[PDB]
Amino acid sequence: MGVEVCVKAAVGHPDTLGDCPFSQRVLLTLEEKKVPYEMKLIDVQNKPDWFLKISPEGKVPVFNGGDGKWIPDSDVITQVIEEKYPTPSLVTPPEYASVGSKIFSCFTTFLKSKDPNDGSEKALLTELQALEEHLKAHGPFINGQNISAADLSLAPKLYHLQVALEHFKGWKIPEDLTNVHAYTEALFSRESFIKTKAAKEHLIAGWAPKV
């Protein structure tokens, strides 16, 4: 049957797409593979019962590939989509799987930090520098000329990084990391990314209580 995906609505705005980066990874995957799908927005503070019946732990995103079940976990979901819709191939080589894997967590720790000298900035910078070296050697995407799964996993997280760190801390990725800047400027301007990203005010609102 028809492909369907449940994703988070923006806080306080039930008919507006939210900022959940795992949801966005899934949506980016469907968009780039040109798969038709229906999107269902879930108010995670007011979940509807029909949703609780198919997602009993309230987990979002969940994906229905037309095979009579709803599955969680954006890793698993994007692999299922890869298997079902092989072209374009978004397979990322295993040796590039962990590229930028610590960026989001380092970002969250630095964002929530209220002590300038606790070392979280240095850690974030170290991970960004690793991304920079990888992109220099193997760019422009994580797997060269063709976009792939690792890009679609990483781009939503870098979007959070840029918007939230600039807003809350007035912090920006250093300009000498030119490959990272080319990377984020390229990814954020893709039609798929513009279509599936949160409005910045909603992303900022989402981070406000956590900060």
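Note that residue numbering follows the sequence shown and begins at 1.
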Check: Taking only the CA atoms, which stretch has the higher mean B-factor in the record, 120-128 or 79-87?
Finding: 120-128
Next item on the list: Look over 44-52 and 165-173 in the entry and identify the one with the greater average Cα temperature factor.
Entry: 165-173
Check: Looking at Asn64, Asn179, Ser153, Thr29, which has the biggest Cα B factor in the entry?
Finding: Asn179
Notebook entry, point to check: Relative to the other modelled residues in the chain, which third contains the C-alpha temperature factor of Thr92: lowest, middle or highest?
Noted result: middle
Next item on the list: Please place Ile204 in the lowest, middle or highest third of its chain by C-alpha B factor as given in the entry.
Entry: middle
Next item on the list: Relative to the other modelled residues of the same chain, rank the CA B-factor of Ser105 and answer lowest, middle or highest third.
Entry: middle
